[PDB]
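Q: experimental structure and sequence below.
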Amino acid sequence: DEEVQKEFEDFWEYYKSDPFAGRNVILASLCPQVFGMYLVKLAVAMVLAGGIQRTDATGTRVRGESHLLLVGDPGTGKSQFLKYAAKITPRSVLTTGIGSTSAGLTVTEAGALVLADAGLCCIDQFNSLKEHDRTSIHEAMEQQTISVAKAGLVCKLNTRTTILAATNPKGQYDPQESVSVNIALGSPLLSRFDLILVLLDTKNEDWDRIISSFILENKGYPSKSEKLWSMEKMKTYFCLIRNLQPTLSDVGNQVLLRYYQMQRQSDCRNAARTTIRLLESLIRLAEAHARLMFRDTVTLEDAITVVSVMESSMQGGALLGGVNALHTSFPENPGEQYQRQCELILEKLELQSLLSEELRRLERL
Amino acid sequence: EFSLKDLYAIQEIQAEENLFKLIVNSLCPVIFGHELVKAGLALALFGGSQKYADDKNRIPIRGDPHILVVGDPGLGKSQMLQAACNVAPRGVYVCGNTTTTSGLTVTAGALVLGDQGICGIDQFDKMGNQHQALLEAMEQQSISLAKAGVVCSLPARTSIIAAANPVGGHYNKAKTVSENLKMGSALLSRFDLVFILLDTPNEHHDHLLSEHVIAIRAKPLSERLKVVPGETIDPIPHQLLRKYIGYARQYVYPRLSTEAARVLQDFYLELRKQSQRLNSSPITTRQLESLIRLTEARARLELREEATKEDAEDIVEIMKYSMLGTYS
Ligand SMILES: Nc1ncnc2c1ncn2[C@@H]1O[C@H](COP(=O)(O)OP(=O)(O)O)[C@@H](O)[C@H]1O
Ligand SMILES: Nc1ncnc2c1ncn2[C@@H]1O[C@H](COP(=O)(O)OP(=O)(O)O)[C@@H](O)[C@H]1O
Ligand SMILES: [Mg+2]
Ligand SMILES: [Mg+2]
C-alpha cells in the first residue's frame, strides 16, 4: 500500500533542516510510561533494528545480529523494557529464565531459542540460570545454529535470535570491581554481549521530586502535545525498515578502524572487551543507525553517534569518561550537541582533514 | 446476584457509626490484642484499584497488597489467618512442607485456584527451593506454561499472605535485622508490610490475657480501636461479612483526591532523604505506589469514592509499624 510509504516520506521529508529531531520523536515513543533515561531508550532501538548477514562461499557464516544486557539495582524499570519490547516485534517468546527448564533453552521437540526464529527472545533473571543451561548457549549465541548428536540421531537446527537479558547485581554493587567480579560470570560468556549498560541509583534531590510528581499526579505523557505515536505505527515502522540494505563508505570505516587500533592498547585494554569481537560489533551497530534514519549510506554522523554510545557503554575504564544512564534527559536542541561531539571526537584521534569538510556540509544545510 | 434482603442488610450495615471498629474487632474475636496486625489483614481483604492507563499499550499494574507476619512462636499467628481465609469470596489454605514448585505454580496450581481471592501460605520459612518460583507470579500478575515456557499463559491474581518463624527459634534482640530472617533484598521488597512481633514478659498484659483465656473456657491509631471494658461490641456474623466484601469489590472504584497526595509525597521525600544514609532496606519507587494502593484500600471499607486527608492520615500510622517505627 502506497499510503504508508507516502506518510513516512512526508515525515522524513518535513524534518530536513533538522535531522535529529526525527530521531528524537522516534525515541520518545519507546516505552512512554517512563521519564527520561535517554541512553537506555536509545540502545534498545539499535538492538531491535538489527544488522545484515554476510555468508562466505564454502562453509562459513558470520553473525549479523546484536545482543544487550542490563544490570541495575531493584526498582529502576528493567522489566518494563522487556515487556514493552516483547510486543512491538512480530514474533517473541517471553521466558522466565530460572523458571525455564533445559527443554526450552536447547533442543529436546522445539524449545525457546529454536521456536523464536527471526524474532527476539526476552530472558529475565539471568543471575542463576542453571549453570549447565547458562553455558549450553555459547554455541547457539555465536554461530546462529545448533549442533547436537543426542541419542545418535545427528540433528541440526537453525536459531537466529536477538537476546535481551536483565540480571540483578548480586552482592552490593561497587563502582570498581568490574562486572566480571560483581556478577561473577565467565570471561568467555561476557564477550559476546555487545553493550553492557550499568544502572546505578545515587543521591539526588531533583529526580526524586520529578518522579514522585510523575507517579502521584498520574500525568500520562507529560508532553501533552498530540504528536506521540500509536503502537501500530511503530510496529509498521520497525517492520518496514528491516528491508533496506545499507552499504559502507570511505568517510566512514576509517574512523572505526582508527578507534579500534587506539583502543587495543591504551594502558589497560580492560580485560575482555578488547578482542577482535569488538570490530565485528562496532560495524553491526553503525550499520543499524543508518537504517533507523531512512538511508543506505553510512556517513561520519552515524560513526560518531555509534562511537559515543559504545564508549559510554564501557563502564569505568574508558578514554573520555563515563556518564550514568539514569540521570539523563532529552536535550532541547540536538544539533548543537552533535556539532560539539564531532569537534570533540575528531581532534584527539587525528582526522582533522574531515572536520573542515563536515563543518562545510553543516554550514551549507 | 444479590437478593433484595441482601441489599437491605448491606445498607443497614453501612449505617453504623464506627464502621472500622466493628470490622477490625470482628474478623477473629478469640484472639486478644494485636489491633494493627488485624487491621492489616482487614485492609488486604478488600484490595485496591487496577490502573489501565494508556490503553493503547497499558502494561497494567497490580492493585492488591501483600502482607508478611514474622514473630516469636506462641503469639497466635496462625488463627488470624484461618478467619481471614474463611471470610472471603474465594480462598485457599496451603502448608509449606507438602507443596513443591509444581504445586504452587501450574503443572492448575494453588495460585490459579486462588484467582480473585487469598492464597494464604503457612510455614514460609521452611521453604528453601521454591523461593525463586513466585517472584514472577507476584509481580507480572500472570503465569505462563511450566513446560519449557512455550507460551500458553493464564491469569493468576493472588493476594499472598504468609507467616513465618525466625531462623533461631526465638528472635534475640542484639543482631541485625537482615540475618534474623534469611531473606535477600529481592524477596524482602515485594511485600507491602512486614510486621515484626516480639514476646516480652510484661505484667498487666499477662494479667489480662490469662483472665481472658480462663473466661473463654468456662489520639493515635492504636487506642481508638481498643475496647475499654464495660461496653458491648457484638460482632457481625461471618456469614453476613462474607456477603459484604463481594458487594464492595464490584460496585465502587475509589480514586485519590488532590488533598491526600501531598501527605504521601511529603512522607516519601522524608523517608528517602533519611534512610538513604542509614542502613535499612532500600526505598525504591515501589513504596510510593504502595502508599497509593493502600490509601485506595481505606476507601472501599466505608463504601465511598474519595480519599480525604483523614483517610490518608491512617496509612501513615499503620505504615510506621514495619518501617522506621520498627527498624530501631
Ligand atoms: N521512571 C519510572 N516511572 C514510573 N514508574 C517507575 C519508574 N521506574 C521504575 N518504576 C516502577 O518500578 C517497577 C519496575 O520494577 P523492576 O525494577 O523492573 O523490577 P526488577 O527489580 O525485578 O527488575 C514498575 O512497576 C514501575 O512502576
Ligand atoms: N491472645 C491469645 N488469646 C488466646 N489464646 C492464644 C492467644 N495467643 C495465642 N494463643 C494460643 O496459641 C495457640 C496458637 O499457636 P500459634 O502461636 O499459632 O503457633 P505458631 O507459633 O506455631 O504459629 C492457640 O491454641 C491459642 O489458644
Ligand atoms: Mg523483573
Ligand atoms: Mg501456623
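A: Now that the structure is in, tell me what you want to look at. Numbers count the residues shown, from 1 in each chain, chains lettered A, B, ... in the order given. Ligands and ions are numbered 1, 2, ... in the order given.

Q: so residue B:222, which of the three states?
A: coil (DSSP: H, G, I helix; E, B strand; the rest coil).

Q: count the neighbours of it for me.
A: 13 (other C-beta atoms under 10 Å in any protein chain shown). Quick note: C-beta positions are derived from backbone N, CA and C, even for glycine.

Q: tell me the contacts of it?
A: By C-beta atoms under 8 Å, 6 or more residues apart in numbering or on different chains, the contact list for residue B:222 reads B:35-36, B:317.

Q: 10 Å instead, please
A: Residues in contact with residue B:222 (C-beta atoms under 10 Å, 6 or more residues apart in numbering or on different chains) are B:35-36, B:39, B:317-318, B:321.

Q: quick one: stretch A:57-77 near ligand 1?
A: Yes. Stretch A:57-77 is in contact with ligand 1 by C-beta under 6 Å from any ligand atom, via A:74-77.

Q: could you look up the SS state of the residue in chain A that ligand 4 sits nearest to?
A: In chain A, no residue comes nearer to ligand 4 than residue A:99, which is 27.8 Å away by C-beta to the ion. Of the three states, residue A:99 takes coil under three-state DSSP.

Q: thought it was touching residue B:136?
A: Yes. At 6.1 Å, residue A:99 counts as touching residue B:136 under the criterion of C-beta atoms under 10 Å.

Q: which residues do those two both contact?
A: Common neighbours of residue A:99 and residue B:136 (C-beta under 10 Å, 6+ apart) are A:124-125, B:105, B:143-144.

Q: any idea which helix is longest in chain B?
A: helix B:258-275 (DSSP state H).

Q: quick revisit: restricted to buried residues, select the shared contacts of residue A:99 and residue B:136 in ChimeraX.
A: Burial among these is assessed by 16 or more other C-beta atoms under 10 Å in any protein chain shown; the matching ChimeraX selection reads:
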select /A:124,125 /B:105,143,144
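
Q: any chance of CSV for the shared contacts of residue A:99 and residue B:136, columns secondary structure and distance to residue A:26?
A: Output for the shared contacts of residue A:99 and residue B:136, formatted as CSV (DSSP: H, G, I helix; E, B strand; the rest coil; distance: C-beta to C-beta, whole Å):
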residue, secondary structure, distance to residue A:26
A:124, strand, 26
A:125, coil, 30
B:105, coil, 39
B:143, strand, 34
B:144, coil, 31
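
Q: what's the most distant pair in the shared contacts of residue A:99 and residue B:136?
A: A:124 and B:105 (15.7 Å; C-beta to C-beta).

Q: so what's residue B:47 closest to, chain neighbours aside?
A: residue B:64 (4.4 Å; C-beta to C-beta, 6 or more residues apart in numbering or on different chains).

Q: the one you found contacts residue B:297, doesn't it?
A: Yes. Counting by C-beta under 10 Å, residue B:64 does reach residue B:297; the two are 8.9 Å apart.

Q: distance between stretch B:76-93 and the chain's centre?
A: On the basis of C-alpha atoms, centre = their mean, to the nearest Å, stretch B:76-93 sits 12 Å off its chain's mean C-alpha point.

Q: for residue B:93, see how far away residue B:126 is.
A: Distance of residue B:126 to residue B:93, given as C-beta to C-beta, to the nearest Å: 16 Å.

Q: so which elements touch the helix or strand that contains residue B:43?
A: In the assignment (DSSP states H and E), residue B:43 maps to helix B:35-46. Here helix B:35-46 touches helix B:21-24, strand B:67-71, helix B:80-86, strand B:161-164, strand B:193-197, helix B:238-248, helix B:286-297, helix B:314-317, going by 3 or more C-beta pairs under 10 Å, 6 or more residues apart in numbering or on different chains; DSSP states H and E.

Q: picking up where we left off before, touching ligand 1 at all, the longest helix of chain B?
A: No. Taking C-beta under 6 Å from any ligand atom as the criterion, helix B:258-275 and ligand 1 are apart, separated by no less than 13.0 Å.

Q: okay, now residue 175: neighbour count?
A: With no chain named, the answer covers chain A. Counted with other C-beta under 10 Å, residue A:175 comes out at 11.

Q: sorry, should have said chain B
A: Neighbours of residue B:175 (other C-beta under 10 Å): 11.

Q: ok, residue A:322 next?
A: So residue A:322, with other C-beta under 10 Å, has 15 neighbours.

Q: contacting residues around the nearest residue to it once chain neighbours are set aside?
A: Spatially, and ignoring its direct neighbours in sequence, residue A:322 is nearest to residue A:315 (5.7 Å; C-beta to C-beta, 6+ apart). Each residue near residue A:315 by C-beta under 10 Å, 6+ apart is listed here: A:71, A:175, A:178-179, A:196-198, A:200, A:270, A:322, A:324-325.

Q: out of those, which comes closest to ligand 2?
A: Ranked by distance to ligand 2 (C-beta to the nearest ligand atom), these are led by residue A:71 at 39.5 Å.

Q: now tell me what touches the helix or strand containing residue A:23 from outside.
A: If you go by DSSP H and E, residue A:23 is part of helix A:20-28. Helix A:20-28 has contacts (C-beta under 10 Å, 6+ apart) with A:11-12, A:14-16, A:18, A:38, A:41-42, A:44-45, A:221, A:223, A:227-229, A:234, A:237-238, A:289, A:292-294, A:301, A:305, A:330-331, A:333-335, A:337-338.
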